[PDB]
Amino acid sequence: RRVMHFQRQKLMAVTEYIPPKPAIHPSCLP
Amino acid sequence: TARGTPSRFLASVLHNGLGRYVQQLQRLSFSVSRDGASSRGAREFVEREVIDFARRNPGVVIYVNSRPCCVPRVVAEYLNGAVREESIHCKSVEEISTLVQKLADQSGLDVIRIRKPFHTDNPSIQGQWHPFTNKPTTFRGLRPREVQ
Amino acid sequence: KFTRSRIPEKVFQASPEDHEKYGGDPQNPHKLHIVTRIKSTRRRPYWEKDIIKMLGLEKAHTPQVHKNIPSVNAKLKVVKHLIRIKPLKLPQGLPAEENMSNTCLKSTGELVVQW
Amino acid sequence: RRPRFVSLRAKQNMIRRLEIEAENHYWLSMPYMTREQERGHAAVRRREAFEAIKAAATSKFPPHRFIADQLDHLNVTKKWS
Amino acid sequence: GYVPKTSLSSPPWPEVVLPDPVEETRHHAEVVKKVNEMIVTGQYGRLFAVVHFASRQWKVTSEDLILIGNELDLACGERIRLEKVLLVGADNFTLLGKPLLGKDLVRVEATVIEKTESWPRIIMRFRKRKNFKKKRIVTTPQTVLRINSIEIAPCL
Amino acid sequence: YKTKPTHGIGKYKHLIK
Amino acid sequence: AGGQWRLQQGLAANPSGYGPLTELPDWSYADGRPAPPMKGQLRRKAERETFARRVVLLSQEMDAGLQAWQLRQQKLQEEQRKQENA
Amino acid sequence: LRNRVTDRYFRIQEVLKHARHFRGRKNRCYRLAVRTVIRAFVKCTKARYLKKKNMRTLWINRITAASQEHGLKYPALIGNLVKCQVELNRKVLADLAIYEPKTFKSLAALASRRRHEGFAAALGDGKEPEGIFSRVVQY
RNA sequence: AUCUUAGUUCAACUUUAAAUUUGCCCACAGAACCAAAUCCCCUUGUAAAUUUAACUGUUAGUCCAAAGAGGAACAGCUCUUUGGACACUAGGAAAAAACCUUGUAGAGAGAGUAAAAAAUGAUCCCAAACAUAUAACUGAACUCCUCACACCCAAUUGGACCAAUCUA
Ligand SMILES: [Mg+2]
Ligand SMILES: [Mg+2]
Ligand SMILES: [Mg+2]
Ligand SMILES: [Zn+2]
């Protein structure tokens, strides 16, 4: 689990998965 | 270096440009040897450049003499008492003309570090800042945590 | 090892979604590219230092014009990450032999006459 | 220690550069000509420019010399009288 | 929509709603006329201006001096006018350009009182262990502009 | 060559059982 | 420092770029006659002039190349008709 | 002895004259005066960059103080004076804050006005008429 | 290559002067049977390259990304290869040759930017603090601005000046 070069770190951070927000919260609506 | 050198503030002689501009240089002495090799540029300047300079600056009295006998020099005297010598030995006529114009184009103050580039005698119009500008006042002039 | 990069052509294919996102058009493309350098040649391989020295992009931002022909694009596809390319716009036409000395390039990329 | 903690400012800087280069991608997928159309249209200018380089390179030679310059050096003893 | 009062429903800043422009234009015209009538009658004192020059923004007023580090190819004592006034102010009013004020509204006069060469400055480079040591002396020229008058005119 | 469409034209080993 | 806003409004990012501040004459004479222009303005006029000349030259060359291609297509597509007779 | 330097004195005094104001033996002993004088001139050269940086940070501090006197941070003042197309720099802003308080009061009012206009515009739906101060003037 | 690896000679690289005309980049085509890329040229962007005359100097360097061989796939390990940087300027990551940003040099009490902030065992802890006022601002010797310009590498090489002494 070695460390990464810093620029590879930034590339991994910027390209991180962002999930699609659900239209409504399930708790307060089916 | 700054710390290792004098300094002054930006100034003029007698509020020069306020009423009427006056030219500070008032006397210019040329010593030119009639024979020396170092006095060649000086001889050219006197022979074909000093008359025109005299005409262009009628407030400057230009004396020229031929008794250093080996080395030339120009001594510029100003209204405010300052003297300033410059070597013209082994220099060209272009250099001497540029130098003499430089002498005639400056006030006789000292060429030292000007602390400020702007000198104003009335720096404020609306009243210089003090800690009570932009600060309110309260009823009867009470300090905080008073009673009466 | 580290080697030159051959960019697949698939990337250089404007889509119907890209076209309305920048002020362009598939048909009737644009004559000239205005290109500026926004990154240092230092810390990059020599086959980019030389390209930049060839496109006249030595100085920093300092925009410079080039043809939009594939012989130059092949060079700009190597230095595409050290430059900004915008398309020159001429909404008043090429200047005449008069108005050459009274032109101006606005930040939007339009060349105009008499400011 | 050795690992770092990529900030948000760095992410925003990187996204700025990514967007600029995506625009660059776009402005290179539409050339005015094709490979075959362009061929030769600059030949005349290139030939003339290289001929200018050649004529510059093949002109080196010592400068002239004038008698006036040599005799002017006698001025270093010019005197009044 | 409606949301019962809490600590986060509304933000912690006030809802500042601007005046209706129809009346605001009248108000602006009224105050502009007031300032204009101040200017016409001489209802001001000493003036100050933010003049843009060689590359710098000098805050200046009548009778003061300024020192520009570049020769200005002007004889000694030749009056000149300084365009590019960014802001001119009196005790009670001040006028702000966007970004300059018109050539008619403000007139700044200056005079050339002295041209000289600044005090000698040193440029020394040194690097350790590489025998790299070099020294240069530079005297940038400069000129002193006196400012003779800031006059204003009632063109608003 | 290997990066050309003509690659693998000289093969004959697979033509021998 | 609003370079983002200035470029979003068709202005130069740097107020010392192109604008009334940098290119209008910094001074005139007292009487009213204008002043000999500043060196920076001369140099910027020269560089913008060279930019325009390069623009027109490259555009002309590209158009002439297109016309030359048209001519060659004509003289190779039609001169084959001269072999379609007799 | 055919040639001997007859004027080493002046070459020494050229370097000592710049060290008379030093402290220690290194204001009269050449072997030390030279090294410290050279360091002095190198710092003298390299210090102009810091002079500019420091005066600018002083101006930013003074402007932050003045602008906070009027309930307005420094990001707002500069980032919303330019949106009103006023190219006043920071030296003159500091000078105004110190020496012309009411002019600076007006500038702060203008900045707050433009800030409010921006907030109101962005809060709205579409391109409703622009603010009375938010209208750009083209060249 | 060397009784040679503490050095020398040749080459490669560097410098000066001189001659001439192509040099670099580069698509399409092309390079075997038994993955990155490489080679080669029409154009195109460029202005350099080859050749001749004449000398010195460096030579088996460190770190980082990558692909391999040796020691685990580790031992901060020996070696080969492609690239970058250092031994040159400057700003950042705390201090910081080797990471990120940046080069051609001067004056300015002007301006715009680049990179750049953390999330959830043994002398003595170690910046201080802060949960919620609109996102912009700050930030270089990079760039623009007014003026001036030969005026920030080791070894080496070219050039312009010159202190003091003697002689004509
Ligand atoms: Mg700065
Ligand atoms: Mg070829
Ligand atoms: Mg520079
Ligand atoms: Zn719920």
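Residues numbered from 1 in each chain as written, not as in the entry; some residues may be left out. Chains lettered and ligands numbered in written order. Part of a larger assembly, values for the part shown. Heavy atoms only, no water.

If you check the header, you'll see the entry was determined by cryo-EM and the resolution is listed as 2.89 Å.

A.B. asks: Would you explain the overall build of chain B in this entry?
C.D. replies: When you go through chain B residue by residue, the secondary structure sums to 3 helices and 7 strands. Listing the helices and strands of chain B from first to last along the sequence gives β-β-α-α-β-β-β-α-β-β. Each principal axis of the C-alpha atoms in chain B carries an extent, and together these give about 95 × 35 × 25 Å. Put simply, chain B has 148 residues, and 30% of those count as buried. Here the analysis covers contacts within chain B between residues at least 6 apart in sequence; of these, 74% occur between residues at least 24 apart. When the accessible surface of chain B is split by element, carbon and sulfur atoms take 52% of a total near 9,400 Å². Separation of charge centres in chain B, based on 22 positive and 14 negative side chains, amounts to 12 Å. (Helix = DSSP H or I, 4+ residues; strand = E, 2+ residues; numbered from the N terminus. Buried < 20%, exposed > 50% of the residue type's maximum accessible area, 1.4 Å probe, protein only. Contact = heavy atoms within 4.5 Å. Areas by Shrake-Rupley, 256 points an atom, 1.4 Å probe, with all protein chains shown as cover. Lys, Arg positive; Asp, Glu negative; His and termini not counted. Charge placed at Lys NZ, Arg CZ, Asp CG, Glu CD.)

A.B. asks: Honestly, the sheet that holds strand β10 (residues 141-152) of chain E in this entry has me stumped. Any pointers?
C.D. replies: In any sheet, the strands associate via hydrogen bonds between backbone groups, in a parallel or an antiparallel arrangement. Taken in spatial order, the 6 strands make up an open sheet running β7(B)-β3(E)-β10(E)-β7(E)-β4(E)-β1(G), and their pairing is antiparallel. Of all strands in the sheet, those with a lone pairing partner are β7 (118-119) of chain B together with β1 (27-29) of chain G, marking the two edges. Inspection of the sheet shows strand β4 (residues 80-82) of chain E paired to strand β7 (residues 106-117) of chain E by 2 bridges, in the antiparallel sense. Bridge pairing in β7(E) places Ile80(E) opposite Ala110(E). (Pairing = 2+ DSSP bridges.)

A.B. asks: Teacher, can you tell me more about the interface of chain D and chain C here?
C.D. replies: Often the size quoted for an interface is simply the accessible area lost on bringing the parts together. Each partner contributes to the interface: chain D provides 20 residues, whereas chain C provides 31 residues. In total, about 2,500 Å² of surface goes out of reach between chain D and chain C, with carbon and sulfur atoms giving 62% of it. Of all residues in chain D, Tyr26(D), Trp27(D) and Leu28(D) give up the largest surface area on contact with chain C, accounting jointly for 29% of the area buried on that side. Here chain D and chain C share 1 salt bridge between them. Across the salt bridge formed by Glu23(D) and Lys86(C), the nearest N and O atoms sit 3.2 Å from each other. (Buried area = accessible area lost by both parts, 1.4 Å probe. Salt bridge = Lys/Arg side-chain N within 4 Å of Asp/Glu carboxyl O.)

A.B. asks: What's the story with the protein's contact with RNA strand I in this structure? I'm lost.
C.D. replies: Around RNA strand I sit 120 residues, and of these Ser7(D), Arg16(D), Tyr1(F), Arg48(H) and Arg90(H) come closest. At the protein interface, 60% of the atoms of RNA strand I within 4 Å belong to sugar or phosphate. Within the side chain of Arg37(C), one N or O atom sits 3.1 Å away from a phosphate oxygen of RNA strand I. Here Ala54(E) contributes a backbone N or O atom positioned 2.4 Å from a sugar or linking oxygen of RNA strand I. Here the surface near RNA strand I gets 10 residues from one element, more than from any other, and that element is helix α2 (residues 30-69) of chain H. (Near = heavy atom within 4 Å. Polar contact = N/O pair within 3.5 Å; in protein donor to acceptor, adjacent residues only side chain to side chain.)

A.B. asks: Even after reading the chapter, I still don't get the sheet that holds strand β6 (residues 94-96) of chain E, so can you show me in this structure?
C.D. replies: Residue and element names in this part refer to chain E. Read across the sheet, 4 strands follow the order β2-β1-β5-β6 without closing on themselves; strand pairing throughout is antiparallel. Whereas interior strands pair on both sides, the edge strands pair on one side only; in this sheet they are β2 (57-61) and β6. Direction aside, neighbouring strands of the sheet carry axes that sit 20° apart on average. As judged from the 3 bridges shared by strand β5 (residues 85-89) and β6, these two strands associate in the antiparallel manner. (Axes fitted to C-alpha atoms, helices over the stretch in contact; angles between N-to-C directions.)

A.B. asks: When you look at a positive patch on the surface in this model, what are you seeing that I'm missing?
C.D. replies: On the surface, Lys128(E), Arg129(E), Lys130(E), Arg39(H), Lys43(H) and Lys46(H) cluster together to form a positively charged patch. Positionally, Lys130(E) belongs in the loop between β8 (121-127) and β9 (132-138). Look at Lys130(E) and you get exposed, because its relative accessible area is 58%. (Patch = residues over 30% accessible without salt bridge, like charges linked within 9 Å, V, L, I, M, F, W, Y side chains within 5 Å.)

A.B. asks: What is the right way to look at the environment of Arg115(B) in this model?
C.D. replies: Residues and elements named next belong to chain B. Inspection of the secondary structure puts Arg 115 in the loop between β6 (113-114) and β7. For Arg 115 and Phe 9, which are 106 residues apart along the polypeptide, the C-alpha to C-alpha distance reads 5.5 Å. Beyond its immediate sequence surroundings of up to four residues, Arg 115 is in contact with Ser 7, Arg 8 and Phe 9.

A.B. asks: Sorry, what's going on with the arrangement of the chains here?
C.D. replies: Taking contact number as the criterion, the leading pair out of 11 pairs of chains in contact is chains C and D. The two partners chain A and chain F share no contact, and the minimum distance between any of their C-alpha atoms is 31 Å.

A.B. asks: So what exactly am I meant to see when it comes to the pairing of strand β3 (residues 65-68) of chain E here?
C.D. replies: Side-chain direction in a regular strand flips from residue to residue, so the side chains alternate between the two faces of the sheet. Alternating positions in β3(E) separate into two faces, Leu65(E) and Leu67(E) on one and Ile66(E) and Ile68(E) on the other, with burial throughout. With 2 bridges joining them, β7(B) and β3(E) adopt antiparallel strand pairing. Across the sheet, residue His119(B) finds its bridge partner in β3(E), namely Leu65(E). When β3(E) meets β10(E), the two strands line up antiparallel, connected through 4 bridges. Across the sheet, the residue bridging to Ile68(E) is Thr143(E), located in β10(E).

A.B. asks: Just to check I follow, could you spell out the packing of α2(H) against helix α4 (residues 90-99) of chain H for this structure?
C.D. replies: Each pair of packed helices gets described by two things: the angle between the helix axes and the distance between those axes. All names here are of chain H. Put simply, α2 and α4 touch, their axes get as near as 9 Å, and they point 45° apart. Viewed along their axes, α2 and α4 adopt a mutual orientation that is oblique. Relative to α4, the crossing made by α2 is left-handed. Between α2, through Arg 56, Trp 59, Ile 60, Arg 62, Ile 63 and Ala 66, and α4, the contact on the second element is made entirely by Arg 90, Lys 91, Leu 93, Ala 94, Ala 97 and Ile 98. For the contact of α2 with α4, the per-class residue count stands at 8 nonpolar, no polar and 4 charged. (Parallel < 35°, antiparallel > 145°, perpendicular 65-115°, else oblique. Left-handed = near helix turned anticlockwise from the far one by under 90°. Nonpolar A, V, L, I, M, F, W, Y, C, P; charged D, E, K, R; others polar.)

A.B. asks: I'm lost on the coordination of the zinc ion (ligand 4) in this one. Help?
C.D. replies: Ideal geometry at a metal centre gives angles of 109.5 degrees when four donors are arranged tetrahedrally and 90 or 180 degrees when six donors are arranged octahedrally. The zinc ion (ligand 4) binds to the protein through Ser27(A) (OG) and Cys28(A) (SG); the donor distances cover 2.3 to 2.5 Å. Residues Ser27(A) and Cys28(A) agree in their burial class; the two are exposed. (Donors = N, O, S within 2.8 Å, 3.2 Å for Na, K, Ca; no water.)

A.B. asks: Explain a nonpolar patch on the surface here, please?
C.D. replies: All names here are of chain E. Residues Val 31, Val 32 and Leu 156 make up a contiguous nonpolar surface patch of about 210 Å² in total accessible area. Along the chain, the position of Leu 156 falls in the segment after β10. The class of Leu 156 is partly exposed, set by a relative accessible area of 47%.

A.B. asks: Before we go on, may I ask you to explain the nonpolar core in this structure?
C.D. replies: Soluble, globular proteins show a tendency: their nonpolar side chains are buried together. One finds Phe53(E), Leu82(E), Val88(E) and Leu145(E) to be the most contacted residues of the largest nonpolar core, which totals 31 residues. Only β1 (48-52), β2, β3, β4, β5, β7 and β10 of chain E together with β1 of chain G provide two or more residues apiece to this core. Sequence-distant contacts of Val88(E), defined by excluding residues within four places in its chain, comprise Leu47(E), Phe48(E), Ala49(E), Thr94(E), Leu95(E), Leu101(E), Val106(E), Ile150(E) and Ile152(E). The next biggest cluster of nonpolar side chains, apart from the first, holds 28 residues, and it includes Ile125(B), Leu86(E), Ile78(H) and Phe104(H). (Core = buried A, V, L, I, M, F, W, Y, C linked by side-chain atoms within 4.5 Å.)

A.B. asks: Explain the side chain of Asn80(H) here, please?
C.D. replies: Residue and element names in this part refer to chain H. Of note, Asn 80 is situated in helix α3 (residues 74-81). A polar atom in the side chain of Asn 80 sits 2.7 Å from the backbone oxygen of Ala 76. Ignoring any residue separated from it by four or fewer positions in sequence, one finds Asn 80 in contact with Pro 75, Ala 111, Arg 114 and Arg 115.

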